[PDB]
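The same protein chain appears twice below, in two forms, each given on its own as structure tokens and labelled structure 1 and structure 2.
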Structure 1
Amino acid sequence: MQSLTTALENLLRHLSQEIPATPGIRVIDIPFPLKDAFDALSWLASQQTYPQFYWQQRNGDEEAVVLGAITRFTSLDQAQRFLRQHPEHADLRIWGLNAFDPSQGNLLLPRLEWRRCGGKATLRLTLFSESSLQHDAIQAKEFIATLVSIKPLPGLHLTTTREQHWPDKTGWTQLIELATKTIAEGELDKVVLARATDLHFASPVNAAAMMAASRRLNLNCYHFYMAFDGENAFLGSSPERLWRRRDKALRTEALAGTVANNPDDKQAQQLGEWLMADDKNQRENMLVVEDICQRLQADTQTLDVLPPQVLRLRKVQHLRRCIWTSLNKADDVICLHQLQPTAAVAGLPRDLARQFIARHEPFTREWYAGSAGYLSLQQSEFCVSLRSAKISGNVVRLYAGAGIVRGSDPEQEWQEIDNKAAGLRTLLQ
């Protein structure tokens, strides 16, 4: 941590310059020599300050670790409202989560943000005050004094005390056959229903270590980690983008139609070339794109759907179609509310599917199948909070969902949710 130390000392130097004792906002960016890679995650997990948020874009070129909440926001709308009051810092990012219910978020304007774009990094310090910048400069000084040296990530422990499913196997069929009853009757066709698996461990589970474990195995995935406090965290490694906005340029995608992966290149690629020719999944995928274009059309100019591709991940492969377009207004609250929850995580039609989930699910999804990422005026990117876990002390809660459709069948969809959960379960068991 000679890079960090040096950066911290440049920052303390800046904070010792005259700062005006008037309301305002300052952004201090210190260049971060990236002669080696920096284990931003290990650094974050060494700190006793909360909240912490860690995020890496799925391609591996963009990474951030942010610490300490100058201000918290309970929705993305309230976040964007704050940013619009400061248009002179167009690149000022707010970081965190949106819940499965998108009117609810946990987002922060961080004290400190280390951010790498591929080859370059910046340690950014911000000051903000309704009253005195000089005052908050004092806080920043104290917050720096608070930071400790990078310690080795702690270990994962593998001793299990219990294993609960919500719903269990019988409750799953109880619910599945209810859902097909309901499909039988009305105009609902697809409903995505979830399971929670609670893993109870004899020791408290270190969430950053779990995250570090996931990053090694779960390639080509967004990695996201929020430490709300010392006892509670939510994290995941999702292959799915909700949206990316650069100015008004928007990218989203219809990621639906699942097979299992196999480690041999040929058998996985036969399992995939199959997926691309299966009329049916291609139909299911196409109903997802239609729904996305529908949801988008009144707020965008031309929508371009790209050719299908198979996305090979660790335990599981997906059919995806990307959809690019331009937004009429550079607005993140529109992207959020138009795109979440996805047709891939609620089902179809939108209202009816959400209403079934609301009516009937035996546990709250909370942050599962919301989104994670950041927004600034200039750009934003959120992933869907899939392949994720909620960590509370000694309990780890894994989430995975399946799209019930008519012929479904309990046990097959259950097996599918096992495979989706696998990408995380295998790090712990």
Structure 2
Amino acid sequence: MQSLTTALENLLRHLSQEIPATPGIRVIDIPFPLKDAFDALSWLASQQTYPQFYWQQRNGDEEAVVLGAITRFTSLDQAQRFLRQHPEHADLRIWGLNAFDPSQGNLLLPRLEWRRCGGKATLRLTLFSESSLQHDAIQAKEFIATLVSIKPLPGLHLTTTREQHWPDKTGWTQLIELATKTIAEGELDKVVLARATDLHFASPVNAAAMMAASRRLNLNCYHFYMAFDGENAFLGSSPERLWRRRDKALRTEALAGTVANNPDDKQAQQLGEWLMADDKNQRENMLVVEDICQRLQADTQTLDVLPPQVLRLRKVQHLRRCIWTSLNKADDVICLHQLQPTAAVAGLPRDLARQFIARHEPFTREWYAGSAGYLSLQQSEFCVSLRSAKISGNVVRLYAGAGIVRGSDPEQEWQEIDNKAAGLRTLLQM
């Protein structure tokens, strides 16, 4: 990175004299040796420029860091319009978030992108201008000059100042009770209802160190972290894919239905068997397959829903049914608007569930249960923003949700959302 800063500089001096004073984009790819292990997260955390986005594939074999926004997008829709004016760079990637409401996003064209696939990495610098590439070359130089060498990343040393649930247990029970009562009206089939837990600390929270702690313990999860700026962040470790797209081949999953994990393998496996056989959870999952299959009918070709599998995580396990289809169009706005929010996350029918949530949830989910990842012309991948946290100075808001369906027992659902909140909370309160 010392060497690559140097190589980037050397490159930039030359370009800033040669490149034309015309609008456009250059993409500069430099191989990034992983001869020596490089901790991208703790590197990113060293930097003083914003915004910053961290993302790791759930399989752990794809990892990215982006630093600085050439452009900011308020929706995936806006980002795709931009990509489509640049068909010549089909692998140009925009990175970041969709909020719970999929029509609002915070996505970036990264100034600097470190991306790893496997045991191999690339540093990409991009130059973009509306007026002059020559111009943006000099901004690029100043950006580089901003770079700071890697410092070690401290573990969290946090003193809890304040705690509050929205809703609390008492309020949760009446809510779940209300929700089941409403489902018993025969029109609403399912609603997913969540709790925000505001945690205040004696000091500001290092979101990057929170992210690292989660990557260390929350295995088999996608990790996403956006630093909006130095005081504000959204991150999490989610087991769930919204979609992945390679040209036209589309992958999604119905992931819904939960039991506790146990550290002991047999017990975990037996608990998973209980889940597979459980009517209530079966139905909780089947309602997602129904929603997803319907939502995708008009815009896709032959659909394959696989049999349910149990997916095992640090504190929780889930039923999961992969889904494969082909899009009619290679279009990420069709993917996001058809899919998000699925009945795993909002409910069914979509309208009645969205309305119930708008009416009775004592907080706005904002980034919670949206989506995180990247799109480019050729491929994209987003996860669902579950198992996630919004950090505001010294407050961490934790989110957890439970799908409500006929037969939901409030006390069991409280226990569910606690097990979900725990994957992140236990990192903050040792």
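When a residue number appears, read it as a position in the sequence of structure 1, where counting begins at 1. Note that the rigid core is defined as the largest set of C-alphas that superpose within 1.5 Å between two forms.
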Only residue that shifts (Cα, 2 Å or more, rigid core superposed) between the two structures, among 265, 279, 142, 88: 279
Per-residue C-alpha change between the two structures, residue 15, threshold 2 Å, rigid core fit: yes
Rigid core fit then residue 177 CA moved by 2 Å or more between the two structures: yes
Residue 118 C-alpha moves between the two structures by 2 Å or more, core aligned: no
Inter-form CA displacement between the two structures at residue 155 - rigid core frame, Å: 3.3
Angstrom shift of the Cα atom of residue 362 between the two structures (superposition on rigid core): 1.1
Per-residue CA shift, residue 129 (Å; core superposed between the two structures): 0.4
